[PDB]
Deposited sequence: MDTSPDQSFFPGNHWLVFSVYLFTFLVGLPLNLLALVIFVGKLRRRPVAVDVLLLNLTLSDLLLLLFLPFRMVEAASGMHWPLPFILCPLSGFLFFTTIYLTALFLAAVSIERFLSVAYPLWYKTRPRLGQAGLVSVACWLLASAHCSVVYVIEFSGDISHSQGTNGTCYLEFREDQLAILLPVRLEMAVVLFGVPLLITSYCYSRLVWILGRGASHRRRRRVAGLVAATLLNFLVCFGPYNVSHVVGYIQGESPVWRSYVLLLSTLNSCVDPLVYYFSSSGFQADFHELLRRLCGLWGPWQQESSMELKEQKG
């Protein structure tokens, strides 16, 4: 039960920390040379990954003895809030970067003439605020229903009726809407890019788009379908183990696509390693 969780958790943490620690350096340098909205949104996507990964060892090193927290009850809400908000912030950040990439090609003159640095900053702050508020709603009720208790496990009867409606609402809003927005924007990207152009453009764009769609599905599909089916069943599902493992895998795979997604990133990466 805990072997499958912890063996993959340690591997993900160990293989992930250096990757994003490295990536932040090139992102900071890119912001230093010249600023662009996509770079700042991607940077916000990265420091969230650090904040999730650097806060991971607080909960990872627990031995899961009965799925209980040996630490006092005041520290579990912090770990739960941060870990749950970091996972849902990725969807909003992906939606924002896909939105920007949509007008990057659909209206190239509009993108080139009018910079959107301040707009990107304010929309990133708005996404942070929305994700934090949605995550806060959940744990501000879990604090008390009235080794002495457990956090994020089987609960009492009073708070389930409060949780499940708003819980499903949060799931729908923060999963389906980013799904539709990103799918529509990338479909129009690969449609416009195919009108009178070369053949390698379609490969290097559509293949990456399909790979990232498959990655997003693999990471956040089982989690959200379990979330939805919990509403019909009524009780909390027991499939909460692997759905978080895929979520952690998401935070680790992003460096890999970061490297070979853009040729400029490869050129910068191959030279600054000293």
Stretches of the record's deposited sequence for which the structure holds no C-alpha atoms: 1-12, 159-164, 293-314
